[PDB]
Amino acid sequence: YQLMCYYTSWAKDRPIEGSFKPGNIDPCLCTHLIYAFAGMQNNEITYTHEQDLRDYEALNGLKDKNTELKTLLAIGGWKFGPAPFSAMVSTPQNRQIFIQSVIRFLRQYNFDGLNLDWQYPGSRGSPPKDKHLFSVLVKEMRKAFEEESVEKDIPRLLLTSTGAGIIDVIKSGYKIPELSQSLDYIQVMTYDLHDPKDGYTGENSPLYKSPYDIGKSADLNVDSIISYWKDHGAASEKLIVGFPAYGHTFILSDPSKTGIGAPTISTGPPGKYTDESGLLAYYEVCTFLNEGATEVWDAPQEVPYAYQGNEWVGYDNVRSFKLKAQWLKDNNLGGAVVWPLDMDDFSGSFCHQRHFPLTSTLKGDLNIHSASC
């Protein structure tokens, strides 16, 4: 099994006790470290900031401590959106400029591969033709990496992509059989399944549907999402299940109605460290519980939730990570990806469950072993 771990460039900019630097990642904790995010300029991959280069040296220097460790560079993300990718895949010339820039950039900065994180081909403004063009990009990039490997006699660069977790988005953006042929891994985005627009409390990443979920809401869970990817042709061993190290918050309409599917008014207030309305890092949820929130385990979805007054949070803990790890081995999946590693309790000071409680749970239950460690 693989245990991939995202490190976000903006984590070091948080208040000092909640900030995390790439050089402080345990080199033996994960099998792959993914740096989010690279930028794009003139159809070429580039760094978003000059300090990112210092982060690349620190992150890639962890490979001297674990010689089996692989590093990937992610490009895209939700805030980046689809427009730069739509323009880049539009012509063979633009795709070639991008592919050659990727090879030079990854080799220069000692990355082992690329994580395409287009959100998304075929939606958010990206036209229907991008479902085909993204597949053409992936196949051409895979071919170029194979040629580069043969010509330079070095191990081939890895090629991965995120895969949407929302069924409708999957249908309009992904040629699953073709992508599974050319990609080494697909990081399935089995998170942000809280459906904030519907007006009810929902879990960020439930393993199974709630007995009250109806229609498309009954597909907002790990089991349904991964089953859709496999039923439509993705290689089980190439699927990397997304494990969020955070939860989503809500303001309850009635502090007496605190279950899953309870009426809500809005997103909850931002946490002190992550500063994003509707989100709390796992370490911030630990503070929420420590200061008095009522913790509930939801067995039908196999995830926890917590509330205090009118604030409600749906999240993942050690038990939900353990149950999902057992489910992923039972389903013959390729492994897991922690999103983002910087929201797990990296210091051990917020949760009192040692360093990286969520990620360490996966390291143990997925039998992660490196001869270098």
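Counting begins at 1, following the sequence as shown.
Take the C-alpha B-factors listed in the entry for 257 to 265 and for 201 to 209, compute each mean, and give the stretch with the larger one. The stretch with the larger mean CA B-factor is 257 to 265.
Quick one: higher average CA temperature factor, 211 to 219 or 80 to 88? It is 211 to 219.
Deposited CA B-factor, highest of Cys30, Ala336, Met343, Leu62: So the option with the highest C-alpha B-factor is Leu62.
When you compare the CA B-factors of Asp184, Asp298, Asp117, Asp275 as listed in the entry, which one comes out on top? If I rank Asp184, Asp298, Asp117, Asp275 by C-alpha B-factor, first place goes to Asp275.
Lowest, middle or highest third: which one holds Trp327 when the chain's residues are ordered by CA B-factor from the entry? Its C-alpha B-factor belongs to the lowest third of this chain's values.
Of the three thirds of its chain by CA temperature factor, lowest, middle or highest, which one includes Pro127? Highest third - that is where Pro127 ends up once the chain's C-alpha B-factors are sorted.
Grab the CA temperature factor for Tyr47 from the record and place it in the lowest, middle or highest third of its chain. Within its chain, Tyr47 is a highest-third residue by C-alpha B-factor, going by the deposited values.
Select lowest, middle or highest to describe the third in which the CA B-factor of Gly173 falls within its chain in this entry. Middle third.
When the deposited Cα B-factors of this chain's modelled residues are ordered and cut into thirds, is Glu284 in the lowest, the middle or the highest one? Answer is lowest: the recorded C-alpha B-factor places it there.
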